[PDB]
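Asks: Could you have a look at this structure, given as C-alpha cells, before my questions?
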Amino acid sequence: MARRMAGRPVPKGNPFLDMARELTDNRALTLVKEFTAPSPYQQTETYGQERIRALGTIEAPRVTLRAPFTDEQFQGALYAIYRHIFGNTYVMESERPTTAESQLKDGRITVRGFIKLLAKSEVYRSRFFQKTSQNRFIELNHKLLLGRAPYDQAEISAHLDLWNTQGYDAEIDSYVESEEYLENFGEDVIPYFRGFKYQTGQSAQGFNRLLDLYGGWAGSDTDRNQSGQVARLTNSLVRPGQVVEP
Amino acid sequence: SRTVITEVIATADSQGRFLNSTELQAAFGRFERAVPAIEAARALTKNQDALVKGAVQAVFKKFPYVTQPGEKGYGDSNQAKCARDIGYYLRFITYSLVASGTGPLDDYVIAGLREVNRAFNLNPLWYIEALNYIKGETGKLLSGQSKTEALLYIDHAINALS
Amino acid sequence: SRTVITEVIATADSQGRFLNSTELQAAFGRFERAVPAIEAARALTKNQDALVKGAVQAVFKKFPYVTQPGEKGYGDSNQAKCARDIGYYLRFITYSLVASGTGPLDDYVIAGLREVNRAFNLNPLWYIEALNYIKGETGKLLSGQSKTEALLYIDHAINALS
Amino acid sequence: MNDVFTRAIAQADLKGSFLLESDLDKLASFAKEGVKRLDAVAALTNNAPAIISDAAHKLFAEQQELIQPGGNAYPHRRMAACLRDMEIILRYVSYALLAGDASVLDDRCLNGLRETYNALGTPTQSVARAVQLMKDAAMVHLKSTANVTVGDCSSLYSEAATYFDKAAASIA
Amino acid sequence: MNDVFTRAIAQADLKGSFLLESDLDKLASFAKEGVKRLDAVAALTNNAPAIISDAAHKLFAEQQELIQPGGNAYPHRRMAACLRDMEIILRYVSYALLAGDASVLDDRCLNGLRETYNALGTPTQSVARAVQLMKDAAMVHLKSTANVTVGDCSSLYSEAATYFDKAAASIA
Amino acid sequence: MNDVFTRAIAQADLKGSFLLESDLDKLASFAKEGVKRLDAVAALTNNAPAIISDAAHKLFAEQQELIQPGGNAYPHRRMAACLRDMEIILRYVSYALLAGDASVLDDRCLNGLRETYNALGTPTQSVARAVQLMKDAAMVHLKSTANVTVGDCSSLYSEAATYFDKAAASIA
Ligand SMILES: CCC1=C(C)/C(=C/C2=NC(=C\c3[nH]c(/C=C4\NC(=O)[C@H](C)[C@H]4CC)c(C)c3CCC(=O)O)/C(CCC(=O)O)=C2C)NC1=O
Ligand SMILES: CCC1=C(C)/C(=C/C2=NC(=C\c3[nH]c(/C=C4\NC(=O)[C@H](C)[C@H]4CC)c(C)c3CCC(=O)O)/C(CCC(=O)O)=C2C)NC1=O
Ligand SMILES: CCC1=C(C)/C(=C/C2=NC(=C\c3[nH]c(/C=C4\NC(=O)[C@H](C)[C@H]4CC)c(C)c3CCC(=O)O)/C(CCC(=O)O)=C2C)NC1=O
Ligand SMILES: CCC1=C(C)/C(=C/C2=NC(=C\c3[nH]c(/C=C4\NC(=O)[C@H](C)[C@H]4CC)c(C)c3CCC(=O)O)/C(CCC(=O)O)=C2C)NC1=O
Ligand SMILES: CCC1=C(C)/C(=C/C2=NC(=C\c3[nH]c(/C=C4\NC(=O)[C@H](C)[C@H]4CC)c(C)c3CCC(=O)O)/C(CCC(=O)O)=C2C)NC1=O
Ligand SMILES: CCC1=C(C)/C(=C/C2=NC(=C\c3[nH]c(/C=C4\NC(=O)[C@H](C)[C@H]4CC)c(C)c3CCC(=O)O)/C(CCC(=O)O)=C2C)NC1=O
Ligand SMILES: CCC1=C(C)/C(=C/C2=NC(=C\c3[nH]c(/C=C4\NC(=O)[C@H](C)[C@H]4CC)c(C)c3CCC(=O)O)/C(CCC(=O)O)=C2C)NC1=O
Ligand SMILES: CCC1=C(C)/C(=C/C2=NC(=C\c3[nH]c(/C=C4\NC(=O)[C@H](C)[C@H]4CC)c(C)c3CCC(=O)O)/C(CCC(=O)O)=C2C)NC1=O
Ligand SMILES: CCC1=C(C)/C(=C/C2=NC(=C\c3[nH]c(/C=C4\NC(=O)[C@H](C)[C@H]4CC)c(C)c3CCC(=O)O)/C(CCC(=O)O)=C2C)NC1=O
Ligand SMILES: CCC1=C(C)/C(=C/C2=NC(=C\c3[nH]c(/C=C4\NC(=O)[C@H](C)[C@H]4CC)c(C)c3CCC(=O)O)/C(CCC(=O)O)=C2C)NC1=O
C-alpha cells in the first residue's frame with residue numbers, strides 16, 4: 001500500500017535513466033567537479049612564452065632612470081642599455097663611451113638622448129651599419145631602438161630613401177625622435193622588446209618577424225658570424241605570406 | 001612570477017651581477033618565515049570547503065538580488081561557477097603563501113582581472129565580499145604570524161579588486 | 001576637444017603640406033550636417049526635466065535595491081546628485097551634437113570615467129540604463145536624420161560606459 | 001590598404017588604360033549604395049561588446065577545454081588575450097566592410113595569425129570557431145530594422161559573411 | 001623563471017588542485033636547508049674570480065690551440081669574450097643554486113647559446129670543457145668547511161654539479 | 001632618497017670618524033622598533049583605498065566648488081587626477097614612514113609640486129587640507145589594535161602626523 005502511495009506506475013525500460021541521474025543527483029557539486037577538472041592539453045601560466053624562446057625577455061622588469069639618481073641604479077641602467085642597444089654584443093671597456101655617460105650622470109641629456117648618442121656612436125655603426133646591407137640595418141634599428149620588427153615594406157623603402165638623401169644621423173633621428181619611441185619609452189625609459197605583446201597598430205606579421213629577429217636570450221646581433229650579419233626578413237616583408245623557390 | 005628569490009634573481013641579472021649580501025639577507029628572511037606561510041597554506045587548504053561555502057553564502061547574503069531569478073546569479077550553473085571562482089581565489093592565496101610573495105595572485109588573478117570582469121559583467125564587490133568573509137574566518141583559523149601573512153595576501157587580492 | 005575640423009587642423013599641422021582635398025571634403029561634410037545637428041540639439045534642449053526624471057525613474061525601477069535603505073541610491077542628496085549627473089550627461093551629449101564631434105564627450109565625461117567609478121563605487125549599469133532610456137525618448141522626439149545623428153553620439157556615450 | 005576604388009584603379013593601371021564605363025558604373029553604384037554600408041559598419045561598431053560577449057559565452061560553453069585549469073584561455077590573463085583577439089578581428093572586419101575589399105583584413109590583420117597561434121600553441125580551430133560565433137552574433141545586430149530606415153541590404157549581409165568566413169578560414 | 005616553489009605551484013595548478021601535503025613537506029624541507037643553500041651560493045659568489053681564473057689557466061694549458069693565432073681565443077677581444085662567457089655561466093649556475101630550480105638556465109643562460117656558438121665557429125667542445133673545469137674549481141670552494149658551521153650538504157654539491165652538467169650538455 | 005641609518009653613515013663620513021656608540025644605540029633602538037614600524041606601514045598600504053575614499057568624501061563634503069562647473073575638480077578627468085595624486089602622496093608618506101626620513105618625499109617631489117600648483121592655479125590650500133584629511137583618516141586606521149599584538153606606538157603616530165604636516169606645509 002505504501003509503495004502504491006508513491007504514485008502511479010511509470011513504465012520500465014527508459015534509456016534516459018542515466019541522464020536523469022546525472023541531471024538530478026547533486027548537480028552543483030558535480031558541475032564544480034567538471035568545471036575544475038584539468039584540461040587534457042596542459043598549459044602552464046607561461047606555456048606560450050616558454051614555447052617561444054622569449055620568456056626571459058618578457059619577465060625582465062622595465063628599467064627607468066630619472067634625473068636624481070645616486071650611484072647604483074645608474075650602474076645598472078648602463079648595463080641594461082649596453083645590453084639592449086648593442087644587441088647583447090660584447091662592448092669592451094675601451095668601446096664604452098665615457099663622455100656620454102658623464103653627460104647622462106650630470107643630467108644634461110635624458111636616457112633618450114643617451115640612446116641617440118650611442119646609436120650615432122662608432123660601435124653601433126661598426127656593428128650594424130658598416131658590415132650589413134640596408135635591409136638588415138633597418139631591421140636592427142627597429143628591433144633595437146623601437147623594440148619591434150618592421151611592419152611592412154614601405155618602412156624599408158622610406159628609411160632607405162631617408163638614409164640615401166640625408167645620412168646616418170637623420171636615419172637614426174627618425175627612430176628616436178619618432179612619436180612611437182616617445183609614447184612607448186619617452187625620455188627616461190630604456191628601450192625593451194615590446195613587440196612580444198600586441199602593440200596597437202601592428203600587422204599580424206610583426207610578431208613572427210620579431211621572433212625571427214630575436215634568436216633567444218643568449219643570442220645577439222653579433223656580425224662576427226661565419227655569415228656576416230645577413231638580413232633575416234628580406235622575403236617575409238615583401239612576400240609576407242607566400243614562399244618562393246628559385 | 002615575483003617571489004623573493006625570483007625578484008632578487010631578476011634584479012641581480014638586469015644589473016648583470018652576482019647576488020650580494022642584501023639579496024642573500026632578503027632570501028634568508030624569506031626562507032625564515034616560509035614555515036608560518038606553509039602552515040597558513042596547510043590550514044587554508046584543510047578548511048577548504050567550509051571557507052568556499054561560507055564565502056558563497058556571504059556573497060548571497062550581502063547581495064540578495066543576485067539570487068533572484070531572471071538574472072546573473074540564479075541557476076545552479078552560476079552557483080557552481082561561483083564556487084569554482086572562490087576556489088580559484090583561495091587556491092591562489094595559498095599559492096602566494098607558499099611562494100612567500102604575490103607571484104601567483106598577480107600572474108593568474110590580478111593581471112587581466114578588470115577587463116575580463118567588465119566583459120562578463122561580473123561585479124568586483126561580490127568577490128570583495130567573499131574575500132572579506134575568508135578574512136574573517138581565517139582570522140579564527142590562524143593565530144600568530146600565519147594569521148598576519150594570510151591576511152596580507154587576502155587584502156592584497158581585495159585591493160586589486162578595488 | 002577633438003572635433004571634425006579640429007581633427008583637420010590637428011592631422012594637418014603634424015606634416016608639411018597644407019589642407020588637401022580630403023580635409024576640405026571632411027570639413028565640408030561636417031558643415032552640411034552641422035545645421036541638422038544644431039536643430040537636433042535645440043530639440044534636445046527643450047526637454048531637460050522630462051528626460052532626466054524619466055531616466056531616473058527607469059534606473060530606479062530596474063534597480064530596486066539602490067532605493068532600499070543601506071544602499072547608496074538611498075537619500076535626498078543622493079537622488080539630487082543623480083539628477084545632476086544625468087543632467088551632466090545630457091548637456092555633454094548636447095555639446096557633442098553641437099560640435100559635430102565627440103570632443104566634448106571624451107573631454108568631459110569619458111576621460112577618467114573608470115578610475116572615478118572605481119573610487120566612488122558608482123556602477124556604470126545605472127548610467128547605461130539611463131542612456132538607454134534617453135535613447136528611447138530621442139526615438140520619439142527626433143525623427144529621421146536628426147534622430148540618427150543624436151543616437152550616434154548617444155550610443156557613443158554607451159560605448160564609453162561599456 | 002585598398003578599398004574598392006583603389007582596387008579597380010590598380011587593375012586598370014596594370015592593363016595601362018583608363019577606367020571603362022562599366023567599371024565607372026560599378027563604382028557609381030557602390031558610392032550610391034555606400035550609405036547602407038555606413039549603416040552596417042555603425043551596426044558592428046556600436047554593438048561590438050555584445051557580439052564579443054555572445055561569441056565568448058557560446059564558445060566557452062561549447063568548449064570547457066578553454067576555461068578549465070591548464071586550458072588555453074584559463075589563467076585569467078590568456079582570457080583577456082582571447083577577448084582582445086576577438087575585438088581585433090571584429091574591428092578588422094568592420095574596416096574591410098567600410099572599405100569594400102578584404103585587402104584590409106588579409107593584409108593588415110591575418111597574414112601571420114596561423115603561425116602566431118601555432119607558436120603560442122593556442123588552438124587555431126577554436127579561434128576559427130570564435131570568429132564564426134562572432135559572425136552569427138553579429139548578423140542579428142546587422143539585420144535589425146530598429147532605428148534604421150527600412151530597405152534591402154542582402155548584398156551587405158553576404159559581404160559581411162564572406163569577410164567573417166575569410167578571417168575564419170585563414171586563421172583555421 | 002621558476003624557483004622550486006613556483007615550479008611546484010605550476011604543477012599543482014595544471015592539475016587544478018591545491019598543494020598536497022607531501023609537496024608542502026618537501027617545500028618546508030627546502031626552506032629548512034635554505035641557509036646551507038645560501039652558504040653554497042655565497043661561496044660561489046665570493047670565489048667567482050678565483051674560479052674563473054683557475055678554469056681559464058687549466059683550459060688553456062689543456063687546449064693550447066685556443067690561443068694560437070687563428071684559434072678561437074687568440075686576440076684580446078675574444079679572450080675577454082671567453083672570460084665573460086665563463087663569468088656569466090657561473091653567475092647563472094649560482095642563480096639556479098639559489099632558486100633551487102634549473103629554469104633560469106634554460107630561460108636565459110642557455111636559450112640560444114648553441115646557435116650563437118655554431119654561428120661564431122666557437123668550438124662547443126671547448127666551451128663544455130671550460131664549464132667542467134669550472135665545476136671542478138667551484139666544488140673546491142663549495143666543500144670548504146672553513147668559516148661555516150660544519151654539517152652535511154652533499155645534496156647541494158650534487159645540485160651544483162648537475163647544474164654545471166646541464167649547461168655543459170646544452171652547449172656541447 | 002635616504003634613510004636614517006644612512007643619515008648617520010653620511011654624517012659620520014662627513015666628520016670623517018667611525019660611528020659613535022651613542023648613535024649606534026639610537027640605531028639599535030630604531031631597528032628593534034622597526035617591528036612596530038613595519039606594522040604601521042603595512043596598515044597604511046592595506047587601508048590606502050579606504051583611507052583615500054574616506055578623505056575624498058570628507059573633502060568633497062567640506063569643499064564644494066570642486067563640484068561646480070569652473071571648479072578645479074568639476075571636469076571628470078581632473079578629479080580623477082585628484083584621487084590619483086592623493087594616492088601618490090599617501091604612497092610617498094608610507095615610504096617615508098618605513099624609512100624614517102622625511103626627505104624621501106620632500107626632496108623627491110615637493111620642490112616641483114610648489115611651482116606646479118602655483119602655475120596650475122589650483123587652490124593649493126585645498127591640497128594641504130587634503131593632506132591633513134589624509135593624515136586624519138590614516139590616523140584612524142593606525143590605531144586599530146585588532147589584528148595586531150598590542151604595544152606602544154605613540155611615537156609612530158607622532159611620526160606620521162609630522163610627516164603629513166611637513167608634506168602639507170611644503171604644499172601650503
Ligand atoms: C662638456 C665638457 C665636460 C665638463 C666641463 C665636465 C665636468 C663635470 N664634472 C662633474 C662632476 C665632478 N667634477 C669634479 C672635479 C672638480 N672637483 C674637484 O675638486 C677638482 C679640483 C676639480 C677637477 C679639476 C668632481 C670631484 C666631480 C664629482 C662630483 C659628483 O660626483 O657629484 C660633472 C657631473 C657628473 C659626471 O661627469 O658624470 C661634470 C659634467 N664634463 C664634461 O663632459
Ligand atoms: C645600400 C645597398 C642596397 C641597395 C642598393 C638595395 C636595393 C633595393 N632596391 C629596392 C627596390 C627596387 N629596385 C629597383 C631596380 C630595378 N628595377 C629595374 O628593373 C632595374 C633593372 C633595376 C635597377 C637597375 C626597383 C624598380 C625597385 C622598386 C620595386 C618595388 O617598389 O616593388 C629595395 C627595397 C624597396 C625600395 O627601395 O623602395 C632595395 C632595398 N638594397 C640595399 O641594402
Ligand atoms: C584564474 C582564476 C579565474 C577567475 C577568477 C575567473 C573568473 C570567471 N568567471 C567566469 C564565469 C562567471 N562567474 C560568475 C560570478 C559568480 N557567479 C555568482 O553566483 C556569484 C554572485 C558570483 C561570484 C561571487 C558568473 C555569474 C559567471 C557566468 C557569467 C556568464 O555566463 O555570462 C568566467 C567566464 C568563463 C565561463 O563562462 O565559465 C571567468 C573567466 N576565471 C578564472 O580562470
Ligand atoms: C564631469 C561630469 C561628472 C560625472 C559624470 C560625475 C559622476 C559622479 N557622481 C558622483 C556622486 C553620486 N552620483 C550618484 C548617482 C548614481 N548612483 C545612483 O544609484 C543613480 C542610479 C545613479 C544616477 C544615474 C550617487 C548616488 C552619488 C553619491 C556618491 C557621493 O556621495 O558622492 C560623483 C562623486 C563627486 C560628486 O559629484 O559629488 C561623481 C564624480 N561627476 C561629474 O562632475
Ligand atoms: C592586428 C592583428 C593581430 C592579431 C589578431 C593578433 C592576435 C594575438 N593574440 C595573441 C595572444 C593570445 N590570444 C589568445 C586567444 C585564443 N586562445 C583561445 O583559444 C581563444 C579561443 C582564442 C581567442 C579567439 C590567447 C590565449 C593568447 C595568449 C597565449 C599565451 O599567452 O600563451 C598574440 C601574442 C601577443 C600576446 O601574448 O598578447 C597575438 C599576436 N595579433 C595581432 O597583431
Ligand atoms: C554619421 C554616420 C551616418 C550614418 C550611419 C548614416 C546612415 C543613413 N542611412 C540612410 C537611409 C538608409 N539606410 C539604409 C540601411 C538599412 N537597410 C536595412 O534596412 C538595414 C536595417 C539597414 C542596413 C543593413 C537604407 C536601405 C536606407 C535608404 C536608402 C535606399 O534604400 O534608397 C540615410 C539617408 C537619410 C536617412 O534616412 O537618414 C543615411 C544618411 N549617415 C551618416 O552620415
Ligand atoms: C646568456 C648570457 C650570454 C652568453 C652565455 C653569451 C655567449 C656569447 N659569446 C659571444 C662571443 C664569444 N664567446 C666565446 C667563448 C668560448 N670560445 C672558446 O674558445 C672558450 C671556451 C671560450 C673563449 C673565451 C668567444 C671566443 C667569443 C668570441 C667570438 C668572436 O668574437 O669571434 C657572443 C656574441 C659574439 C659578438 O660579440 O658578436 C655571445 C652572445 N652571451 C650572453 O649574453
Ligand atoms: C647574509 C647572508 C646569510 C648567510 C650566508 C647565511 C648562512 C647560515 N649558515 C648557517 C649554518 C650552516 N651552514 C651550513 C652549510 C655549510 N656547512 C658546511 O659543511 C658546507 C661546506 C657548507 C654548505 C655549502 C651548515 C651545515 C650549517 C649548520 C646548520 C644547518 O645544517 O642547517 C646559518 C644558521 C646559524 C648557525 O647554525 O650557525 C645561517 C643563517 N645566513 C644569511 O642570512
Ligand atoms: C608622481 C608624483 C606627482 C604628483 C604629486 C603630481 C601632481 C600633479 N597633478 C597634476 C594635475 C591635477 N591635480 C589635481 C588635484 C588637486 N586639485 C584639487 O582638486 C585637489 C585638492 C587636489 C587633489 C589632491 C587636479 C584637479 C589636476 C588637474 C589639473 C589639470 O589637468 O589641468 C599635475 C599636472 C600634470 C599631471 O601630472 O597630470 C601634476 C604635476 N605629479 C606627479 O608626477
Ligand atoms: C609579514 C610582514 C611582517 C609584519 C607585518 C611584521 C611585523 C610584526 N609585528 C609583530 C608584533 C607587534 N606588532 C606591533 C604593532 C601593533 N601593535 C599595536 O599596539 C599597534 C596599534 C600596532 C602598530 C601598527 C607591536 C607593538 C608588536 C609587538 C612588538 C613589541 O614588543 O613592541 C611581530 C612579532 C609577532 C609577536 O610578537 O608575537 C612581527 C613579526 N613582520 C613581518 O615579517
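By convention here, the chains of the C-alpha cells are called A, B, ... in the order presented, each chain's residues are numbered starting at 1, and ligands are numbered starting at 1 in the order presented.
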Residues of chain C within 9 Å of chain F, counting only C-alpha atoms - could you list those as a list in words?
Replies: residues 107, 108, 109, 110, 111, 112, 113, 114, 115, 116, 119 and 120 of chain C
Asks: Quick one: which residues from chain A are at most 7 Å off chain B, using only C-alpha atoms, as an MDAnalysis selection string?
Replies: chainID A and resid 28:29 31:32 36 60 76 79:80
Asks: Which residue out of D:67, D:169, D:40, D:96 has the minimum interatomic distance to chain A when only C-alpha atoms are used?
Replies: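 Of all the options, D:67 lies closest to chain A.
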Asks: Just need the residues of chain E within 7 Å of chain D, counting only C-alpha atoms, so spit them out as an NGL selection string.
Replies: :E and (13-14 or 16)
Asks: Using only C-alpha atoms and all ligand atoms, find each residue with an atom at most 10 Å away from ligand 9 and format the answer as a VMD selection string.
Replies: chain F and resid 56 59 to 60 63 65 to 67 71 to 92 105 108 to 110 112 to 117 119 to 131 134 171
Asks: Is it possible to get the superposed chain B, fitted on chain C over all Cα pairs by sequence order, as a JSON list (two decimals) with C-alpha atoms, in the first residue's frame?
Replies:
```json
[["chain", "number", "residue", "atom", "x", "y", "z"],
["B", 1, "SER", "CA", 38.68, 68.48, -28.35],
["B", 2, "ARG", "CA", 38.33, 66.31, -31.47],
["B", 3, "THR", "CA", 35.84, 67.92, -33.84],
["B", 4, "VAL", "CA", 36.04, 67.37, -37.57],
["B", 5, "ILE", "CA", 37.68, 70.78, -37.99],
["B", 6, "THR", "CA", 40.03, 70.34, -35.05],
["B", 7, "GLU", "CA", 41.06, 66.81, -36.01],
["B", 8, "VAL", "CA", 41.69, 67.97, -39.57],
["B", 9, "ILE", "CA", 43.81, 70.88, -38.36],
["B", 10, "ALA", "CA", 45.82, 68.63, -36.05],
["B", 11, "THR", "CA", 46.46, 66.03, -38.74],
["B", 12, "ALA", "CA", 47.54, 68.70, -41.23],
["B", 13, "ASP", "CA", 49.76, 70.42, -38.67],
["B", 14, "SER", "CA", 51.48, 67.22, -37.52],
["B", 15, "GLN", "CA", 52.47, 66.74, -41.15],
["B", 16, "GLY", "CA", 53.30, 70.45, -41.36],
["B", 17, "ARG", "CA", 51.21, 71.05, -44.47],
["B", 18, "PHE", "CA", 48.27, 73.12, -45.58],
["B", 19, "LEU", "CA", 44.72, 71.82, -45.77],
["B", 20, "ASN", "CA", 44.26, 69.95, -49.03],
["B", 21, "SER", "CA", 41.09, 68.85, -50.78],
["B", 22, "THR", "CA", 40.33, 65.84, -48.58],
["B", 23, "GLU", "CA", 40.37, 67.98, -45.44],
["B", 24, "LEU", "CA", 38.12, 70.62, -46.96],
["B", 25, "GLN", "CA", 35.75, 67.93, -48.23],
["B", 26, "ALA", "CA", 35.47, 66.52, -44.71],
["B", 27, "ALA", "CA", 34.91, 70.02, -43.34],
["B", 28, "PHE", "CA", 32.22, 70.54, -45.96],
["B", 29, "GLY", "CA", 30.42, 67.40, -44.84],
["B", 30, "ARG", "CA", 30.65, 68.56, -41.23],
["B", 31, "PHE", "CA", 29.24, 71.99, -42.03],
["B", 32, "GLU", "CA", 26.61, 70.28, -44.16],
["B", 33, "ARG", "CA", 25.03, 68.29, -41.41],
["B", 34, "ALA", "CA", 25.65, 70.88, -38.70],
["B", 35, "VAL", "CA", 21.95, 71.75, -39.16],
["B", 36, "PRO", "CA", 20.45, 68.36, -38.17],
["B", 37, "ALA", "CA", 22.91, 68.26, -35.28],
["B", 38, "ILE", "CA", 21.95, 71.72, -34.03],
["B", 39, "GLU", "CA", 18.27, 70.81, -34.36],
["B", 40, "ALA", "CA", 18.77, 67.65, -32.31],
["B", 41, "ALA", "CA", 20.67, 69.71, -29.74],
["B", 42, "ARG", "CA", 17.79, 72.19, -29.63],
["B", 43, "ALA", "CA", 15.27, 69.42, -29.03],
["B", 44, "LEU", "CA", 17.34, 67.62, -26.39],
["B", 45, "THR", "CA", 17.85, 70.97, -24.68],
["B", 46, "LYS", "CA", 14.20, 72.00, -24.76],
["B", 47, "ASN", "CA", 12.98, 68.63, -23.45],
["B", 48, "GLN", "CA", 15.56, 68.72, -20.68],
["B", 49, "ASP", "CA", 13.70, 68.07, -17.43],
["B", 50, "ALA", "CA", 11.50, 65.37, -18.93],
["B", 51, "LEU", "CA", 14.53, 63.47, -20.20],
["B", 52, "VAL", "CA", 16.47, 63.77, -16.94],
["B", 53, "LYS", "CA", 13.56, 62.81, -14.69],
["B", 54, "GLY", "CA", 12.47, 59.89, -16.83],
["B", 55, "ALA", "CA", 16.05, 58.64, -16.93],
["B", 56, "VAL", "CA", 16.33, 58.76, -13.14],
["B", 57, "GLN", "CA", 13.04, 56.92, -12.73],
["B", 58, "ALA", "CA", 14.25, 54.31, -15.21],
["B", 59, "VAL", "CA", 17.44, 53.83, -13.21],
["B", 60, "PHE", "CA", 15.40, 53.20, -10.07],
["B", 61, "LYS", "CA", 12.88, 51.01, -11.88],
["B", 62, "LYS", "CA", 15.55, 48.68, -13.25],
["B", 63, "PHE", "CA", 17.56, 48.93, -10.00],
["B", 64, "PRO", "CA", 15.08, 48.51, -7.14],
["B", 65, "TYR", "CA", 17.69, 47.89, -4.46],
["B", 66, "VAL", "CA", 19.37, 51.25, -5.10],
["B", 67, "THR", "CA", 16.39, 53.08, -3.60],
["B", 68, "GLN", "CA", 16.38, 50.86, -0.51],
["B", 69, "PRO", "CA", 17.66, 52.49, 2.69],
["B", 70, "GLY", "CA", 21.09, 52.09, 4.21],
["B", 71, "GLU", "CA", 23.05, 52.15, 0.95],
["B", 72, "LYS", "CA", 24.10, 54.04, -2.14],
["B", 73, "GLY", "CA", 20.99, 55.48, -3.77],
["B", 74, "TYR", "CA", 18.93, 56.36, -0.71],
["B", 75, "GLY", "CA", 18.75, 59.99, 0.37],
["B", 76, "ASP", "CA", 17.64, 63.15, -1.39],
["B", 77, "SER", "CA", 21.30, 64.15, -1.67],
["B", 78, "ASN", "CA", 22.00, 61.08, -3.81],
["B", 79, "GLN", "CA", 18.76, 61.75, -5.68],
["B", 80, "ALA", "CA", 19.74, 65.29, -6.64],
["B", 81, "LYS", "CA", 23.27, 64.13, -7.36],
["B", 82, "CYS", "CA", 21.96, 61.47, -9.76],
["B", 83, "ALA", "CA", 19.90, 64.15, -11.46],
["B", 84, "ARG", "CA", 23.04, 66.27, -11.73],
["B", 85, "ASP", "CA", 24.99, 63.39, -13.28],
["B", 86, "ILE", "CA", 22.31, 62.72, -15.88],
["B", 87, "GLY", "CA", 22.13, 66.42, -16.65],
["B", 88, "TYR", "CA", 25.88, 66.25, -17.21],
["B", 89, "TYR", "CA", 25.58, 63.32, -19.62],
["B", 90, "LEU", "CA", 22.77, 64.92, -21.62],
["B", 91, "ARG", "CA", 24.60, 68.24, -21.62],
["B", 92, "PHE", "CA", 27.62, 66.59, -23.16],
["B", 93, "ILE", "CA", 25.51, 64.70, -25.69],
["B", 94, "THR", "CA", 24.13, 68.03, -26.90],
["B", 95, "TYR", "CA", 27.64, 69.49, -26.79],
["B", 96, "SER", "CA", 28.78, 66.65, -29.04],
["B", 97, "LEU", "CA", 25.85, 67.24, -31.38],
["B", 98, "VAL", "CA", 26.77, 70.91, -31.69],
["B", 99, "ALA", "CA", 30.47, 70.12, -32.11],
["B", 100, "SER", "CA", 29.64, 67.44, -34.72],
["B", 101, "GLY", "CA", 32.06, 65.11, -32.95],
["B", 102, "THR", "CA", 32.80, 63.27, -29.74],
["B", 103, "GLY", "CA", 35.08, 66.01, -28.46],
["B", 104, "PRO", "CA", 33.09, 67.10, -25.41],
["B", 105, "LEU", "CA", 32.10, 63.58, -24.38],
["B", 106, "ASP", "CA", 35.64, 62.25, -24.63],
["B", 107, "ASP", "CA", 37.13, 65.29, -22.89],
["B", 108, "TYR", "CA", 34.70, 65.47, -19.97],
["B", 109, "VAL", "CA", 32.83, 62.20, -19.44],
["B", 110, "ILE", "CA", 34.68, 59.49, -21.27],
["B", 111, "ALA", "CA", 38.27, 60.21, -20.18],
["B", 112, "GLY", "CA", 38.75, 59.42, -16.51],
["B", 113, "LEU", "CA", 35.36, 57.72, -16.29],
["B", 114, "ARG", "CA", 36.29, 54.29, -15.03],
["B", 115, "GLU", "CA", 38.86, 55.19, -12.38],
["B", 116, "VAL", "CA", 36.48, 57.74, -10.86],
["B", 117, "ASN", "CA", 33.56, 55.29, -10.93],
["B", 118, "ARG", "CA", 35.59, 52.52, -9.28],
["B", 119, "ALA", "CA", 36.80, 55.04, -6.71],
["B", 120, "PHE", "CA", 33.26, 56.14, -5.81],
["B", 121, "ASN", "CA", 31.71, 52.67, -6.26],
["B", 122, "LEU", "CA", 29.32, 54.04, -8.88],
["B", 123, "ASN", "CA", 27.93, 51.35, -11.14],
["B", 124, "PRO", "CA", 28.20, 51.88, -14.91],
["B", 125, "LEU", "CA", 24.97, 49.92, -15.43],
["B", 126, "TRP", "CA", 22.93, 52.70, -13.81],
["B", 127, "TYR", "CA", 24.20, 55.23, -16.32],
["B", 128, "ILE", "CA", 23.83, 52.76, -19.18],
["B", 129, "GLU", "CA", 20.18, 52.36, -18.21],
["B", 130, "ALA", "CA", 19.67, 56.12, -18.04],
["B", 131, "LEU", "CA", 21.21, 56.53, -21.49],
["B", 132, "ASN", "CA", 19.08, 53.69, -22.87],
["B", 133, "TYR", "CA", 16.03, 55.53, -21.56],
["B", 134, "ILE", "CA", 17.23, 58.75, -23.18],
["B", 135, "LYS", "CA", 17.73, 56.76, -26.37],
["B", 136, "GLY", "CA", 14.15, 55.57, -26.24],
["B", 137, "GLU", "CA", 12.70, 59.03, -25.64],
["B", 138, "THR", "CA", 14.89, 60.84, -28.17],
["B", 139, "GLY", "CA", 13.73, 58.26, -30.66],
["B", 140, "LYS", "CA", 10.28, 59.77, -30.22],
["B", 141, "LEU", "CA", 11.46, 63.37, -29.94],
["B", 142, "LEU", "CA", 13.55, 63.28, -33.11],
["B", 143, "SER", "CA", 12.83, 62.03, -36.62],
["B", 144, "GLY", "CA", 14.98, 61.79, -39.73],
["B", 145, "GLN", "CA", 18.69, 62.51, -39.53],
["B", 146, "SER", "CA", 18.66, 64.27, -36.15],
["B", 147, "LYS", "CA", 17.38, 61.01, -34.70],
["B", 148, "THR", "CA", 20.31, 59.05, -36.10],
["B", 149, "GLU", "CA", 23.01, 61.53, -35.11],
["B", 150, "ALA", "CA", 21.73, 61.86, -31.56],
["B", 151, "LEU", "CA", 21.51, 58.09, -31.27],
["B", 152, "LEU", "CA", 25.12, 57.90, -32.43],
["B", 153, "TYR", "CA", 26.30, 60.06, -29.57],
["B", 154, "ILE", "CA", 24.12, 58.26, -27.01],
["B", 155, "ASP", "CA", 25.43, 54.83, -27.89],
["B", 156, "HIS", "CA", 28.98, 56.17, -28.06],
["B", 157, "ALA", "CA", 28.50, 57.15, -24.42],
["B", 158, "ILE", "CA", 26.88, 53.78, -23.68],
["B", 159, "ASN", "CA", 29.78, 51.88, -25.26],
["B", 160, "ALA", "CA", 32.31, 53.87, -23.28],
["B", 161, "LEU", "CA", 30.34, 52.94, -20.16],
["B", 162, "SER", "CA", 30.54, 49.34, -21.37]]
```
Asks: CA of residue 174 in chain A and atom 37 (O, counted along the ligand's line) of ligand 7, how far apart in Å?
Replies: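 Distance reported for this atom pair: 26.5 Å.
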Asks: I need the residues of range 159-195 of chain A that end up classed as helix (DSSP H, G or I) by DSSP on the backbone, written out as a PyMOL selection string.
Replies: chain A and resi 159-166+168-176+179-184
Asks: List every residue of chain A that has an atom at most 7 Å from any atom of ligand 7, and for each one report the closest atom pair and its distance in Å to one decimal, counting only C-alpha atoms and all ligand atoms, with rows sorted by chain and then by increasing residue number, as CSV.
Replies:
```
residue,atom,partner,partner_atom_place_in_ligand_line,distance
A:88,CA,ligand 7,43 (O),5.2
A:89,CA,ligand 7,37 (O),4.0
A:90,CA,ligand 7,37 (O),4.5
A:217,CA,ligand 7,1 (C),5.8
A:218,CA,ligand 7,1 (C),4.0
A:219,CA,ligand 7,40 (C),4.8
A:220,CA,ligand 7,40 (C),5.1
A:221,CA,ligand 7,38 (O),6.4
A:222,CA,ligand 7,38 (O),3.0
A:223,CA,ligand 7,38 (O),5.5
A:224,CA,ligand 7,38 (O),4.9
A:225,CA,ligand 7,32 (O),7.0
```
